[PDB]
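# Here goes the first bit of my complex:
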Amino acid sequence: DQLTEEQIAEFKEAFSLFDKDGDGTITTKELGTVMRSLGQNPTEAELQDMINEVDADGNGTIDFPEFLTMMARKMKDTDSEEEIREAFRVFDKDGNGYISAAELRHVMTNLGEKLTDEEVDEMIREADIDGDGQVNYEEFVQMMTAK
């Protein structure tokens, strides 16, 4: 395995924070949450793949070394700030760097692996700093990619 010792410890801390039962495992339903908590950004499809591989024995549970196997896959991957930025600019018909919550709702609720109604509800509020004059996605992305 290629993970460094510091990574292993960092992932271990998060793995345990979602190990409610203390049996040294976590549920398949919590897999994405733990991955996202550690700063990885998996799609719902990719998530389904990883579960399909580990739950091919029908248990619904994941232990730490197979979790490390899961975390290792997307390790070298990266999405730039500009990619996420330009991806926003594509759904913006002006060049203003602004997009309407109505339009944003449209894209999130209809395109791709769709955001749920409660999720798209929550997204607007974080995105609408100067509430409720619509979202300056440049700032929203700036905050979102803030590391």
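Looks like it came in fine. Numbering: from 1, shown residues only, chains lettered A, B, ... in the order given.
# Buried residues, the top helix by length along chain A. List them.
If you go by DSSP state H, chain A has its longest helix at helix A:5-17. Using 16 or more other C-beta atoms under 10 Å as the test for burial, helix A:5-17 gives A:8, A:11, A:14-15. For the C-beta atoms, the positions are set from N, CA and C on the backbone; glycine is no exception.
# SS state for residue A:40?
Here residue A:40 is recorded as coil under DSSP: H, G, I helix; E, B strand; the rest coil.
# what packs against the longest helix of chain A?
helix A:31-37, helix A:64-73 (3 or more C-beta pairs under 8 Å, 6 or more residues apart in numbering; DSSP states H and E).
# So for residue A:143, which of those sits nearest?
helix A:31-37 (16.2 Å; C-beta to C-beta).
# show me the contacts for the residue most central in space within chain A.
Centre of chain A computed as the mean C-alpha position; nearest residue by C-alpha atoms, centre = their mean is residue A:41, 3.7 Å away. Counting by C-beta atoms under 8 Å, 6 or more residues apart in numbering, residue A:41 touches residue A:79.
# What spatial separation is found between it and residue A:23?
The gap separating residue A:41 from residue A:23 is 28 Å, by C-beta to C-beta, to the nearest Å.
# Next, the angle helix A:64-73 makes with the longest helix of chain A.
Orientation check (axes from the mean of the first three to the mean of the last three C-alpha atoms, to 10 degrees): helix A:5-17 against helix A:64-73 gives 120 degrees.
# just the helices in chain A please.
Along chain A, counting by DSSP H, helices occupy A:5-17, A:31-37, A:44-54, A:64-73, A:81-90, A:101-110, A:117-127, A:137-144.
# and chain B, same structure:
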Amino acid sequence: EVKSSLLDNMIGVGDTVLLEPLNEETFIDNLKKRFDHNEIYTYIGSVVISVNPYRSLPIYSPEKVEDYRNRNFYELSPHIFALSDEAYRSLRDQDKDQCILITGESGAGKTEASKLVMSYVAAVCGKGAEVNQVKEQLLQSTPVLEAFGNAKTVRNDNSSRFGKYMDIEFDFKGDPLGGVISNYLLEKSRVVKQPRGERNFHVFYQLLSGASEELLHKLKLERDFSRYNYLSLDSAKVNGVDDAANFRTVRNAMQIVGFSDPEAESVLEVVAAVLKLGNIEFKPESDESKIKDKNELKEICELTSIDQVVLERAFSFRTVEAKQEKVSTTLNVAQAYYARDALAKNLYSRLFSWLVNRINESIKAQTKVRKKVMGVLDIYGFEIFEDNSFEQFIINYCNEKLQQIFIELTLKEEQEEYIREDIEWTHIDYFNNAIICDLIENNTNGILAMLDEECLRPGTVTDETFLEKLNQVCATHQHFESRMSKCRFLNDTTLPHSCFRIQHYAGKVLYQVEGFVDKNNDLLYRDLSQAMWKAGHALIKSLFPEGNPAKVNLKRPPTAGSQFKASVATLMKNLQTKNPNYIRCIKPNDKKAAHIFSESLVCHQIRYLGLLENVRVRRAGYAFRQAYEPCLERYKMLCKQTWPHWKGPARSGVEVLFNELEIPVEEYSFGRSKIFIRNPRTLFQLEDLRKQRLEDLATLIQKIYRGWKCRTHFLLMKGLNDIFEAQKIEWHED
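If we add chain B to the chains shown above, we get the following:
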């Protein structure tokens, strides 16, 4: 910079130039698809096709005007406002006269398109009451001109038998000065004869249906269609048409546009006179024509205060020109009937002109100040009936002329673009309207010229001698056919006698020669005009100013053919000295139903309008073209290099994107400022790829959001974990 495109959320093909493969079935299906989704507008490049919805679509709002105003043609989905925005801005910024030509089958849809244009312009020019006063006059006078200029044919219950131009005029500052209505090509022959199954102009039926008993008594009219030779009982009823109610609607429009009650009444007295003239008959004497019964003539002359002795002599004697010893030529019976008819139809067409002139008075510019105009030209649609006569010939000829200059100009402009972009021209095969026009209008050997020559020659003349003359002179023409002219064993039904066929841009048309000679006779000679001028009836007197002794007599045109030909030239001049745009109107069914779509009828109309030839000449070599920068912008997410911010110059990026998508270098060409794509397949492959990639970009954003959300909350828990782990544990103690 705006990234909106007609390509976005496009229902079927929004611009027919992108239809592939191009045929009638795909054209018609496309129009049906869009119509079925409430899209009544579809492009052919800049040309707008409009299918009548037969219901009020909420798509003409101030908000919709705000959407299309000052926007590029290709940025929004197809709408008439795009065309009217284009025309308004050319007027405003270039000080160019605009003429928007509207072709196709007459009805409520064509009238509405014209009203939409004028109303968009009034709204957008921001001149308020001055511009709306002109606009109102143009619009409210429409039912008046319909009553006098429209008729039920075998194909259309409310068909325009004339061409109409309307404009709003401005000074170069943009201040409204006025406006005008101009009529052309009024089908005078319908006044005195109608084919079986057809009516005379509406107003005659409206008058006998809706006038009170007292009014009809004052007009010396009997309330009975069988009493008037000029009207048939047989076709007098049009289904779903209440002529009485329409009468009241026409009288009310008259008042609205400023006619006084005495004027309105005067107008109806002229209509009555026209109608009564049709009952005059003639018999030979030993002096070879005499009126059979003087009763209609008497009543006409009392109605109009015309000298009965003089009018009667006018039908039977013609004053020959000085300076010979003979002063009066005796008219025979046939000549007397021609006279009766010439008087009726000219009294009628002059009434029609008078109406237009009256309406024009209140919107007359009355300043010699140079002006720029926003015009709409409405020309009657192509006609291919079971029986095609003189009437269809003139209409089709006019449509042929227009298609000619249109196709020529579209071809010439596509070429000028290709050159500016350094793109190779490929010869386009297209129907040659020019030679058809030449067959019809050539002064030395054309059909109209031969008809004239036949009508004026001193021998015995019939529709047959006319046909025989065409067979002699026009047989050399590739596109003229008749039984005795030609031909190749190609399964053609044999042509009957007494007809000729013409290959028009809209298809072959078979013309029956029956009545051609009669209908070409249109001689209103001086004795008639002078009898009219001396009428105590003010309107009628005014209708024949050449009859005033104070006005010097000129040579009178003896035939209709030559006048119609000059009138076609006039309207063409009007069009060609202005900047043109085009609305092609289509009826989706004949039941006037809101969703019902008949692909059969639309197919005929597609042919009448010459749309397929428009598509081919307009598409030309390359269906699509676009400036490099906006093109790259729209498709840069396709290859994973241009994404998210390159390559180099917009042109470079285009090349590399196409190379990486494995698009063969024969499917496109590099213009001086634009990429040029040959086939709509290429364009749509790009579009399907983009639509997939937008689904990916959505996921990119969505995964980044779900990720940032959990990450933030996790960092919160981590920050407070000391407190959380201290509260799970006791206060005290050992």
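# The contacts of residue A:41 again, this time with chain B added?
Neighbouring residues of residue A:41 by C-beta atoms under 8 Å, 6 or more residues apart in numbering or on different chains: A:79, B:703-704, B:706-707.
# That one - nearest residue in space that isn't next to it in sequence?
Counting by C-beta to C-beta, 6 or more residues apart in numbering or on different chains, residue A:41 lies nearest to residue B:707, which is 3.5 Å off, once chain neighbours are set aside.
# Touching, the one you found and residue A:40? I think so.
Yes - shown here, residue B:707 and residue A:40 form a contact pair, counting by C-beta atoms under 8 Å, at 7.0 Å.
# Give the burial count for residue B:494, as a bare number.
6 (other C-beta atoms under 10 Å in any protein chain shown).
# so how far is residue B:483 from it?
Distance, residue B:494 to residue B:483, using C-beta to C-beta: 7 Å.
# what about residue B:144, which helix or strand?
Following DSSP states H and E, one finds residue B:144 within helix B:142-149.
# which residues touch that helix?
Helix B:142-149 is contacted by residues B:111, B:158, B:160-162, B:164, B:181, B:183, B:186, B:201-203, B:206, B:246, B:249-250, B:253-254, B:257, B:351-352, B:355-356, B:359 when judged by C-beta under 8 Å, 6+ apart.
# List the first helix or strand encountered after that helix toward the C-terminus.
strand B:150-151.
# which strands and helices sit next to that following strand?
On a contact count with 3 or more C-beta pairs under 8 Å, 6 or more residues apart in numbering or on different chains; DSSP states H and E, strand B:150-151 meets strand B:159-160.
# List the buried residues of the helix or strand following the strand it packs on.
Next helix or strand after strand B:159-160 toward the C-terminus (DSSP H and E): strand B:163-170. Using 16 or more other C-beta atoms under 10 Å in any protein chain shown as the test for burial, strand B:163-170 gives B:163-170.
# Many thanks, we can stop here.
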